[PDB]
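See structure below.
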Amino acid sequence: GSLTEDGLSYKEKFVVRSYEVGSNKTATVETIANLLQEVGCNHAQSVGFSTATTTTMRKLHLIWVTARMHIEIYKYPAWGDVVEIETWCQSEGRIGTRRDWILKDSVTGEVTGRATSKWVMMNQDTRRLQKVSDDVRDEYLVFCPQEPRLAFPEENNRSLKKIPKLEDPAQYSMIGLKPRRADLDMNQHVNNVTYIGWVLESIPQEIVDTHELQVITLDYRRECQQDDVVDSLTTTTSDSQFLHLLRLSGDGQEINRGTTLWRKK
Amino acid sequence: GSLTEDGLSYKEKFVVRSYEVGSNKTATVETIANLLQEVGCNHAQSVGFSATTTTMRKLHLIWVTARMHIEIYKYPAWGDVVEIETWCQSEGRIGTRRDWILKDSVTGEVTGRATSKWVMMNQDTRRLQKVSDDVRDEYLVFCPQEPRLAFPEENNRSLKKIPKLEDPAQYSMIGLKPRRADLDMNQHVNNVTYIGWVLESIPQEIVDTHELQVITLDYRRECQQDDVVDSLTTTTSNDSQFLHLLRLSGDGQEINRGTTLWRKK
Ligand SMILES: NC(=O)c1cccc2[nH]ccc12
Ligand SMILES: NC(=O)c1cccc2[nH]ccc12
């Protein structure tokens with residue numbers, strides 16, 4: 001992969017692996033989300049970030065936390081196909097940063113998907129959110145385009161829609177979900193993609209067999225720790241549309257909420 | 001990737017991804033095992049398979065893994081390129097064997113080696129059978145005629161018989177269940193998932209002070225999508241050695257047994 005000519009975005013190509021595809025022999029949405037995070041890490045590495053915080057974030061013990069992921073897929077890449085992903089970052093005042101991605105077919109150059117993510121700043125020890133510092137923002141404004149470049153430019157698009165809280169009784173549920181070592185990142189935290197897989201565990205088999213996942217929006221509220229247990233709840237709100245809630249198995253503390261949209265095959 | 005000059009083996013290079021590494025910022029053994037299966041799949045694709053022969057598909061016959069043995073000297077770091085060469089060899093009517101050699105792309109030094117034993121099974125009845133003459137003759141043209149073993153040693157660890165763990169186990173991880181991410185494109189649990197499940201019962205203290213050097217896993221029965229697994233581990237020993245048993249919750253039907261060897265960091 002490499003930074004583009006103007007140094008303000010990054011591109012990388014991936015060959016879809018055999019173990020990265022589902023029953024329809026095209027890449028799963030968890031494989032897509034892993035590729036989004038991988039090209040995001042290579043972008044930060046290419047501009048000098050920690051091997052992904054700045055000089056001042058490191059001394060203040062500040063980190064980036066994902067607040068929201070929104071993915072829209074038109075065509076999932078087949079096993080053996082090459083998918084090219086371009087990513088870039090943009091600041092959003094003191095509220096946080098945004099990282100967008102565009103997925104393309106390498107042969108046709110056609111856009112097969114797009115994604116947007118909202119990141120917030122948090123003290124790694126206290127887990128307290130704190131907006132963005134005056135001279136912390138100055139350290140990374142040089143690696144972001146100055147004019148707005150949005151993957152979802154539409155006014156009032158699906159990526160910014162507020163998600164309600166699912167009320168019991170849920171229509172479908174998958175309970176007692178627990179992470180294993182494969183689910184941890186290099187910092188021993190549960191990987192953000194694991195939450196996507198957990199949301200989708202409560203989608204009935206019949207839906208997965210007759211429909212294709214087109215849109216997923218996931219809010220991140222609290223992390224599931226290595227010794228926590230998760231319940232995945234899903235209710236139909238309708239194409240097929242669903243409301244989702246991940247909560248810790250005991251007290252019922254919310255960790256995530258989201259919606260999915262599905263097209264009939 | 002590509003077949004080598006003589007067409008009797010296959011080589012492929014992989015850049016280690018950010019989400020593929022553990023706390024030591026080097027690739028996990030599950031990432032290694034996924035790469036072994038990926039280069040295995042590209043080798044079969046390059047020789048005309050899709051991965052059974054013309055007679056196997058007609059007779060509803062498939063390849064099933066009976067044993068995996070991996071030995072790692074140095075795990076590839078995040079961002080490093082690892083080159084893997086793989087080949088197959090027939091072992092008479094018992095079945096076939098696929099071996100792999102892992103190398104550092106920059107230094108050319110061997111950083112690991114693996115061997116696997118495969119058997120033939122009727123996909124519907126789940127009944128094992130010896131390889132027939134007409135099925136064997138179909139793939140003998142893609143295997144070297146002289147023996148080429150990743151583990152040539154007089155009495156190497158790859159062929160050692162593994163005993164059955166007796167209760168009470170020293171360590172256990174109970175109620176392990178697969179999710180959709182764990183399934184392959186045929187809706188069967190991925191062979192690498194069993195490795196992760198064996199390692200769930202290794203105490204945290206071991207993982208922090210030791211490095212996994214050797215893993216041998218026998219495969220006996222599959223865990224189905226609605227099955228629940230218990231992972232049991234007992235110390236059998238500078239080095240640390242363990243005996244492992246995976247069994248279904250309830251009746252306690254064995255699905256796997258194995259051993260691991262660990263060196264102090
Ligand atoms: N990945 C990051 O930490 C990041 C944050 C803000 C702007 C950026 N531009 C390239 C990478 C990056
Ligand atoms: N992977 C396979 O299906 C296979 C089986 C037997 C011999 C082989 N030689 C290359 C690939 C291969």
Side-chain angles (χ1 to χ4, degrees), chain A residues 1-4 6-11 18 36-58 62-66 86-92 96-101 117-121 132-133 136-146 149, chain B residues 1 3-4 6-11 18 36-57 61-65 85-91 94-100 116-120 131 135-145 148:
Chain A
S2 184
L3 286 158
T4 60
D6 69 7
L8 304 182
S9 86
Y10 192 81
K11 293 184 174 169
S18 64
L36 306 182
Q37 90 178 318
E38 170 66 357
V39 69
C41 295
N42 293 323
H43 182 200
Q45 203 184 255
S46 72
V47 300
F49 294 141
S50 84
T51 336
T53 67
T54 74
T55 296
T56 311
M57 277 173 71
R58 238 224 169 270
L62 263 291
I63 58 168
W64 294 108
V65 152
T66 312
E86 173 175 27
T87 183
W88 66 93
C89 281
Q90 270 214 292
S91 220
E92 298 199 315
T97 298
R98 193 184 82 254
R99 171 172 291 282
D100 297 5
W101 300 255
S117 66
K118 286 199 178 319
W119 301 71
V120 280
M121 217 158 79
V132 88
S133 173
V136 153
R137 185 201 302 106
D138 283 342
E139 281 173 327
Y140 64 80
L141 281 184
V142 293
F143 312 122
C144 309
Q146 302 217 317
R149 207 200 154 175
Chain B
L3 286 158
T4 61
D6 68 7
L8 303 182
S9 82
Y10 192 82
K11 293 185 175 169
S18 59
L36 305 181
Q37 89 180 317
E38 170 67 357
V39 69
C41 189
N42 293 323
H43 182 200
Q45 202 185 257
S46 73
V47 300
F49 294 142
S50 210
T52 57
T53 78
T54 296
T55 314
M56 284 169 85
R57 308 184 226 109
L61 290 172
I62 59 169
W63 294 108
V64 266
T65 312
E85 173 176 27
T86 184
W87 66 92
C88 281
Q89 270 214 293
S90 182
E91 295 197 316
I94 315 179
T96 60
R97 192 185 82 253
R98 171 172 290 283
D99 297 4
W100 300 255
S116 76
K117 286 204 183 314
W118 300 71
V119 280
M120 212 155 71
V131 193
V135 160
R136 189 206 60 187
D137 286 337
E138 280 200 290
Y139 61 75
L140 290 173
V141 295
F142 311 122
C143 308
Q145 292 184 51
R148 208 200 154 176

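Every chain is numbered from 1, with letters handed out A, B, ... down the list of sequences. The figures here come from the full heavy-atom set of this structure, side chains too, leaving out hydrogens, waters and symmetry mates. Every number for a ligand or one of its atoms is a count from 1 in the order of the listing.
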- Query: Between A:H43, A:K11, A:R99, which is the residue that forms a side chain to side chain donor-acceptor pair (under 3.5 Å) with A:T87?
  - Reply: A:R99

- side-chain hydrogen bond (donor to acceptor under 3.5 Å, both in side chains) partners of A:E38, counting only residues at least two apart: A:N42, B:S18

- Do B:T55 and B:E138 have side-chain N/O donor and acceptor atoms under 3.5 Å apart? yes

- Task: Measure the shortest side-chain to side-chain distance between A:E86 and A:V39 over non-hydrogen atoms and say whether it is less than 4.5 angstrom.
- Result: no

When you check ligand 2 against the protein, what N or O pairs turn up below 3.5 Å? List the atom names and distances, or just say none.
residue, atom, partner, partner atom, Å
ligand 2, 1 (N), B:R98, NH2, 3.1
ligand 2, 3 (O), B:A51, O, 3.0

- Task: May I ask you to decide if the ring planes of A:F49 and A:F143 are parallel, tilted or perpendicular, using 30° and 60° as cut-offs?
- Result: perpendicular

- Pair A:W64 and A:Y140, ring centroids less than 6.0 Å apart: yes

